[PDB]
Amino acid sequence: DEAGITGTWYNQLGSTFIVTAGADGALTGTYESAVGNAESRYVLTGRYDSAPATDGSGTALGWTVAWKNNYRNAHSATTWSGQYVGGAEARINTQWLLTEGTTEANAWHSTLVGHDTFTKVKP
Amino acid sequence: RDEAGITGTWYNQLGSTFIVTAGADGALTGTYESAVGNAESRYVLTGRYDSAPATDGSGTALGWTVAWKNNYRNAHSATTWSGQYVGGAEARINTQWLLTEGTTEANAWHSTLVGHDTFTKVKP
Amino acid sequence: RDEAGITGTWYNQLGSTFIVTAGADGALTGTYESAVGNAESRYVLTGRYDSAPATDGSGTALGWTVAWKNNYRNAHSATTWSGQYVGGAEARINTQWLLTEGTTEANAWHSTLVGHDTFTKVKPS
Amino acid sequence: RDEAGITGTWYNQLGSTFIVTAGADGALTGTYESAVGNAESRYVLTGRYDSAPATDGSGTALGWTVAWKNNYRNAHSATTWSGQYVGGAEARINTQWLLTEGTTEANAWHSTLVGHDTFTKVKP
């Protein structure tokens, strides 16, 4: 999964996830969203299980993007939680949480939830 | 500019300990120790926060990840917390979280727990 | 088991009012009044609960739905609460919820909010 | 508006069967049969939908609940699906769901699974 996870991935929206998996469990890279209040690349950091089970299970992982870069600041952050599944049609299947910074009176509606599936090939 | 407000030791309602450093570049680095679950001692965390939040009283958006592997245990799972920091006398980090376990394909429909943790600067 | 415990008026941390009847057959019926959002007055709710919960001290699983349309407003959205009832001197219903808004396909990635509400038998100030 | 479009038999990606009647008043009634999990045969479901959806091409919001007790099994849990119906040649109901199991207080942090199901009018 070190070599399997490292590289360029694309989700069903056409967003681009560029990641390097380190031997120590680290995830580092950039994310470019095809939708939303976003332009160009944003820093991402995360972690993955660097010694997954040998029983055919996937490899658990997660990462975060704060939606601030040199071009825009959406005052929000998304975390993706999911698992990498290797093989001919490799995939990273995730669920995600997008929290906006809000006032206290708006906090009940601060967080979106969704799900993204990443594949090595762009749909 | 919540670098100083976020950096430090935080505790959630379960008694877990979140130790974080906020970097000027938006980085979150540190350790997490869960009071519950398949866990022992500290685990590495990394994440990101909005280093230039709005100045209208809104909170500061942030998130981080722990993969539950350390030198003592490997639960083959990862949790991400997504939330916002609220400064002030009773500073808080209010989060929702997703915990995904590595599964076979047949078990993937039940791979992911959801919950919510509130962190404060004083422990329960 | 908890028909009488669940039936009644409950309030969450936002000051919303959840009025429910638990039927012997597992049904939940009632009305919801949200203190926040694109809502006024009462909306119909329906749901289900475990009418024969475990006897080991576990809570009682339940859930319900509100579609945010009534005679006054239509927010073109629906919220589902999923949770458990915990009986005792300080009874509580602890939930997580999903609010989905009807969207076009291009907006569907941002259709769904998630949150958490705790309901008690006495309301906040 | 979508009473006739929603009413009927639907199937998700797991092969589960969702049988629903949409009432003129916004009610949803029917049965659910899960292809996976601690489940056998049909369970009662009830829910609600927007009976006067927007006319700008948006989907129709809806949700429903199953408590996983029937004459055969009791899993002491309930699932709520929250989502929208999208009409047309390939009609679909896209949902996210929350499955809460009754737990003791010490296990409540891990009480709730989250997932997503897509329903179509023809089985995979």
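Residues numbered from 1 in each chain as written, not as in the entry; some residues may be left out. Chains lettered and ligands numbered in written order. Heavy atoms only, no water.

Participant: Looking at this model, I keep getting lost on unusual backbone geometry. Mind explaining?
Facilitator: Keep in mind that most residues, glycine aside, have a negative phi and that most peptide bonds are trans. Of note in this structure, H76 of chain B is not a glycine but carries a positive phi near 50°. We classify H76 of chain B as partly exposed; its relative accessible area is 25%. Backbone geometry places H76 of chain C, a non-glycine residue, at a positive phi of 50°. The class of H76 of chain C is partly exposed, set by a relative accessible area of 25%. (Buried < 20%, exposed > 50% of the residue type's maximum accessible area, 1.4 Å probe, protein only.)

Participant: Before we go on, may I ask you to explain the UniProt feature "binding site: biotin" in chain B in this structure?
Facilitator: All names here are of chain B. Per the UniProt record, "binding site: biotin" is annotated on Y32, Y43, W81, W97 and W109. Across 78 residues in sequence, these annotated residues place their C-alpha atoms as far as 27.0 Å from one another, rather than forming a single compact spot. For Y32, the position within the fold is in strand β3 (residues 27-33). Side chain to side chain, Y32 and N12 meet in a polar contact 3.1 Å long. Position of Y43 relative to the elements: it lies in strand β4 (residues 43-49). For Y43, a relative accessible area of 1% gives the class buried. (UniProt positions renumbered as here; feature names shortened; annotations may be inferred. Helix = DSSP H or I, 4+ residues; strand = E, 2+ residues; numbered from the N terminus. Polar contact = N/O pair within 3.5 Å; in protein donor to acceptor, adjacent residues only side chain to side chain.)

Participant: I tried to follow the interface of chain D and chain A on my own but got confused; where do I start?
Facilitator: Reports often express the size of an interface as the amount of accessible area lost when the parts come together. Taken together, the contacts link four residues of chain D with four residues of chain A. When chain D packs against chain A, close to 400 Å² is buried across both sides, 46% of that on carbon and sulfur atoms. Of all residues in chain D, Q96, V114 and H116 of chain D bury the most surface against chain A, accounting for 93% of the area lost on that side. The interface formed by chain D and chain A contains zero salt bridges. A total of three residues in the side of chain D that touches chain A trace back to one element, the largest contributor, which is strand β8 (residues 112-120) of chain D. Within the side of chain D that touches chain A, the residues separate by chemical class into one nonpolar, three polar and no charged. (Contact = heavy atoms within 4.5 Å. Buried area = accessible area lost by both parts, 1.4 Å probe. Salt bridge = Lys/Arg side-chain N within 4 Å of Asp/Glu carboxyl O. Nonpolar A, V, L, I, M, F, W, Y, C, P; charged D, E, K, R; others polar.)

Participant: Where do I start with the interface of chain B and chain A in this structure?
Facilitator: Every contact between the two is made by 44 residues of chain B and, on the other side, 44 residues of chain A. Across the chain B/chain A interface, buried area totals approximately 3000 Å², and carbon plus sulfur atoms make up 58% of it. Where chain B touches chain A, the interface holds zero salt bridges. Elements with a minimum of two residues in the side of chain B that touches chain A: β4, β5 (60-69), β6 (74-86) and β7 (92-101) of chain B. Looking at the side of chain B that touches chain A element by element, the count peaks at nine residues for β6 of chain B. For the side of chain B that touches chain A, a count of residues per class yields 16 nonpolar, 22 polar and six charged.

Participant: Hey, could you run me through the packing of aromatic side chains in this one?
Facilitator: Each aromatic ring pair is described using two quantities: the centre-to-centre distance and the angle formed by the ring planes. On inspection of all chains with the given rule, the structure shows 44 aromatic pairs over all chains. With centroids separated by 6.2 Å and ring planes inclined at 45°, the aromatic side chains of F18 of chain B and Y32 of chain B adopt a geometry described as tilted. Residue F18 of chain B is found in strand β2 (residues 17-22), and its partner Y32 of chain B is found in strand β3; the two are separated by 14 residues along the sequence. The burial state of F18 of chain B is the same as that of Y32 of chain B; both residues are buried. Both rings, one in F18 of chain B and one in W64 of chain B, keep their centres 3.8 Å apart while their planes meet at 10°; by these two values the pair is stacked. Remark: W64 of chain B occurs in strand β5 and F18 of chain B occurs in strand β2; sequence separation between them is 46 residues. What makes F18 of chain B buried here is its relative accessible area of 0%. One aromatic cluster is present, formed by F17, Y31, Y42, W63, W67, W80 and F118 of chain A through successive ring pairs. The aromatic ring of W10 of chain B is capped on one face by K121 of chain B, whose charged end is 4.9 Å from the ring centroid. (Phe/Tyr/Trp six-rings, centres within 6.5 Å; stacked < 30°, edge-to-face > 60°. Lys NZ or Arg CZ within 6 Å of the ring centre and 35° of its normal.)

Participant: Would you mind going over the pattern of salt bridges with me for this structure?
Facilitator: When their charged atoms lie close together, side chains carrying opposite charge are able to pair. Scanning the model with the defined rule gives five salt bridges over all chains in all. The residue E39 of chain A makes a salt bridge to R72 of chain A at a minimum N-O spacing of 3.1 Å. You can see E39 of chain A sitting in the loop between β3 (26-32) and β4 (42-48) and its partner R72 of chain A sitting in the loop between β5 (59-68) and β6 (73-85), a full 33 residues away along the chain. Assessed through its relative accessible area of 31%, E39 of chain A is described here as partly exposed. Residues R1 of chain B and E3 of chain B are paired through a salt bridge, measuring 3.6 Å at the closest nitrogen-oxygen approach.

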